[PDB]
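Notes follow the structure.
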Amino acid sequence: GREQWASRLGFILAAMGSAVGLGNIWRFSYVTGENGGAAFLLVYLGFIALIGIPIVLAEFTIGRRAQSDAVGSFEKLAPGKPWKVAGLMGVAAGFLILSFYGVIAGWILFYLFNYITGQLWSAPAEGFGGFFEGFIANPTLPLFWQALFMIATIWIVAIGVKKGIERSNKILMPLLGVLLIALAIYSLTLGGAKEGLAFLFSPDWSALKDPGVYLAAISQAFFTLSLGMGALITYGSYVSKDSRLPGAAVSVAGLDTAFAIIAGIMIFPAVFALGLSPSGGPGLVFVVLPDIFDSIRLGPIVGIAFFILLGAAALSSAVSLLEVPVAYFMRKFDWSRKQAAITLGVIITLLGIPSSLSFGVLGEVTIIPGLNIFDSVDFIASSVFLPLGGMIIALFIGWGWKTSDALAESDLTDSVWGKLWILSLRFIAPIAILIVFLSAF
Ligand SMILES: CCCCCCCCO[C@@H]1O[C@H](CO)[C@@H](O)[C@H](O)[C@H]1O
Ligand SMILES: CCCCCCCCO[C@@H]1O[C@H](CO)[C@@H](O)[C@H](O)[C@H]1O
Ligand SMILES: CCCCCCCCO[C@@H]1O[C@H](CO)[C@@H](O)[C@H](O)[C@H]1O
Ligand SMILES: CC[C@H](C)[C@H](N)C(=O)O
Ligand code: NA
Ligand code: NA
Numbered sequence: 008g009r010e011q012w013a014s015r016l017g018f019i020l021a022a023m024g025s026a027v028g029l030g031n032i033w034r035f036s037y038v039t040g041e042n043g044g045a046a047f048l049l050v051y052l053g054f055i056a057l058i059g060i061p062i063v064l065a066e067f068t069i070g071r072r073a074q075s076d077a078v079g080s081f082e083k084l085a086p087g088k089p090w091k092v093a094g095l096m097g098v099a100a101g102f103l104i105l106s107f108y109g110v111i112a113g114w115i116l117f118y119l120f121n122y123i124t125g126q127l128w129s130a131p132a133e134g135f136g137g138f139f140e141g142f143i144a145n146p147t148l149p150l151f152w153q154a155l156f157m158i159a160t161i162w163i164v165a166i167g168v169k170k171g172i173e174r175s176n177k178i179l180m181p182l183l184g185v186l187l188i189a190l191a192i193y194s195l196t197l198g199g200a201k202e203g204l205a206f207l208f209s210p211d212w213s214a215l216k217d218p219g220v221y222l223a224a225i226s227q228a229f230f231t232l233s234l235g236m237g238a239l240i241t242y243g244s245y246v247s248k249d250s251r252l253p254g255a256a257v258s259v260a261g262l263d264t265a266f267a268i269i270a271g272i273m274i275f276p277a278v279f280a281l282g283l284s285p286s287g288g289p290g291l292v293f294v295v296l297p298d299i300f301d302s303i304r305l306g307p308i309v310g311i312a313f314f315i316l317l318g319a320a321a322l323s324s325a326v327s328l329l330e331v332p333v334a335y336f337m338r339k340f341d342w343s344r345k346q347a348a349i350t351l352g353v354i355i356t357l358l359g360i361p362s363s364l365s366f367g368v369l370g371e372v373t374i375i376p377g378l379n380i381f382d383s384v385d386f387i388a389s390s391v392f393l394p395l396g397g398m399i400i401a402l403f404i405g406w407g408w409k410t411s412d413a414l415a416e417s418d419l420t421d422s423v424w425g426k427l428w429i430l431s432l433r434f435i436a437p438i439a440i441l442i443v444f445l446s447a448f
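What the sequence shown shows, in the authors' numbering, is residues 8 to 448, in sequence order.
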């Protein structure tokens with residue numbers, strides 16, 4: 008009845024495209040930065056091995072045995088039991104995260120437009136930092152480019168799994184990796200490599216007595232791995248009988264973390280050479296990356312190449328953010344695919360408009376005490392729904408699955424990995440999440 012990926016690799020690449028997006032470059036930079044660098048990074052790394060690798064496979068496992076959307080996946084496997092709250096919790100993180108995902112993806116298309124028209128080639132008068140300030144504070148200009156991005160996202164989603172989502176131009180994600188390695192090597196010769204690589208790889212332990220860093224790591228880890236958004240459950244619901252689930256979840260985190268690391272090697276050695284502070288808020292990369300391209304001879308070509316490849320990366324990730332409601336509403340309300348995309352994509356766009364305004368006119372306005380609207384949506388989405396959603400997901404398989412079924416559907420045997428993966432779901436990952444919950448609130 009449902010559409011499916013046309014090969015076992017098509018599922019891997021789509022999941023690779025879903026995972027590797029803006030949370031690798033943009034979000035990883037200013038979150039690693041404002042939380043102490045190397046202390047945070049080693050904690051974010053450790054969370055991906057013991058909380059990440061199991062839950063991605065947990066999501067992949069639950070995705071195909073039910074062959075349903077993220078919510079209906081819990082209704083066809085354990086009907087009547089209250090586990091569907093996790094499938095419900097993740098779709099809410101999809102509506103919330105795609106609202107400001109289109110906000111930051113609007114910044115991508117504006118900068119790309121400026122490099123195409125030859126505007127951001129040299130250092131503007133306002134400066135590479137000031138240019139970003141008067142742009143995110145302008146009430147309407149970010150909303151235009153967000154709507155333009157939400158078109159392609161909506162368009163691709165409305166096209167279909169086999170005619171749109173899976174048809175991602177196969178050679179573009181590798182082009183974004185090769186460039187980042189070439190961009191990482193460049194900033195290493197800007198005079199900030201010592202202050203950068205030390206702050207980014209050598210730990211300052213006193214930070215780990217602040218509990219926010221833990222929650223910050225768990226928030227970033229679940230966010231960069233497409234966890235707790237209902238996106239890995241649905242991408243698993245298009246996987247065929249013949250497929251190895253364990254190999255994909257590893258291939259995705261290894262690529263996402265490798266992409267995540269090179270971004271640190273590129274951003275932070277440049278932040279310390281530019282004399283800039285690593286805790287520069289969400290628009291950290293948009294102050295540094297143009298400042299780095301400004302010192303290259305062909306920097307305008309790099310900028311166009313960088314933002315075309317990073318834009319397509321944010322496009323391949325936000326398209327999957329829309330499938331979670333779309334694949335749900337087609338079942339729950341018999342909506343067609345094209346009707347679901349327009350309706351659910353234009354609402355997600357309007358939901359993010361108060362976030363784009365939180366950078367300028369709505370700066371002093373707060374919802375959650377102490378945070379502006381962008382930071383507040385980010386909190387409930389990425390620091391609550393994502394870490395708490397995976398806990399129920401992890402406890403769901405670990406406790407509410409017959410161990411013979413949990414390993415058979417996850418294509419794991421009774422090997423040490425099969426036990427370890429099961430072990431992390433039953434106890435390790437959920438308690439680490441539960442402990443970080445007790446220690447932050
Ligand atoms: C490419 C991998 C980089 C690994 C960086 C590990 C930590 C580097 O931090 C190092 O701390 C030392 C303290 O005096 C200094 O002498 C070094 O110059 C400094 O780079
Ligand atoms: C290239 C990938 C490996 C990078 C390993 C990073 C090494 C961690 O950094 C270490 O931090 C310690 C202070 O806490 C210092 O005493 C060590 O000299 C330093 O190597
Ligand atoms: C002092 C440095 C003056 C400019 C020397 C050019 C060296 C950088 O070279 C540039 O690096 C980019 C990747 O980083 C590539 O994409 C460009 O094609 C390449 O021209
Ligand atoms: C919302 C997260 C998106 C889908 C992607 N996982 C990223 O790291 O940017
Ligand atoms: Na992507
Ligand atoms: Na990611």
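C-beta: ideal position from N, C-alpha, C; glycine also.
Straight-line gap, residue i to residue j (C-alpha atoms, nearest Å)
i           : j           : result
residue 85  : residue 407 : 8 Å
residue 368 : residue 383 : 16 Å
residue 244 : residue 78  : 11 Å
residue 31  : residue 267 : 5 Å
residue 92  : residue 205 : 43 Å
residue 254 : residue 144 : 44 Å
residue 136 : residue 280 : 15 Å
residue 5   : residue 29  : The question about residue 5 has no answer here: the residues shown for the chain are numbered 8 through 448.
residue 362 : residue 249 : 43 Å
residue 275 : residue 172 : 33 Å
residue 438 : residue 252 : 24 Å
residue 88  : residue 67  : 20 Å
residue 313 : residue 434 : 42 Å
residue 146 : residue 365 : 9 Å
residue 310 : residue 122 : 7 Å
residue 113 : residue 396 : 28 Å
residue 56  : residue 301 : 37 Å
residue 401 : residue 307 : 46 Å
residue 17  : residue 398 : 28 Å
residue 381 : residue 338 : 31 Å
residue 167 : residue 203 : 44 Å
residue 347 : residue 10  : 16 Å
residue 427 : residue 420 : 11 Å
residue 33  : residue 322 : 14 Å
Beta carbon of residue i nearer than 8 Å to that of residue j
i           : j           : result
residue 450 : residue 109 : Absent from the structure is residue 450, since the part of the chain shown begins at 8 and ends at 448.
residue 405 : residue 414 : no
residue 20  : residue 177 : yes
residue 156 : residue 119 : no
residue 294 : residue 277 : no
residue 327 : residue 25  : yes
residue 131 : residue 138 : yes
residue 440 : residue 58  : yes
residue 37  : residue 289 : yes
residue 432 : residue 65  : yes
residue 390 : residue 150 : no
Beta-ladder partner(s) of residue i, from DSSP
i           : result
residue 373 : 379
Whole-Å CB distance - residue i paired with residue j, under 8 Å assumed
i           : j           : result
residue 100 : residue 388 : 5 Å
residue 273 : residue 187 : 6 Å
residue 228 : residue 392 : Not confirmed; about 14 Å, so no contact.
residue 329 : residue 160 : 6 Å
residue 164 : residue 333 : 6 Å
residue 241 : residue 331 : 6 Å
residue 211 : residue 43  : 6 Å
residue 207 : residue 271 : 5 Å
residue 340 : residue 351 : The Cβ separation is near 11 Å, so there is no contact.
**OP:** Output the residues surrounding ligand 5, defined as those with a CB atom closer than 6 Å to any ligand heavy atom, in chain order.
**Re:** Contact residues of ligand 5 (beta-carbon closer than 6 Å to any heavy atom; chain order) are 24, 27, 28, 320, 323 and 324.
**OP:** May I have all residues whose beta carbon comes closer than 7 Å to any heavy atom of ligand 1, sorted in chain order?
**Re:** Residues lining ligand 1 by the Cβ criterion, that is a Cβ closer than 7 Å to any of its heavy atoms, are 201, 204, 205, 208 and 209 in chain order.
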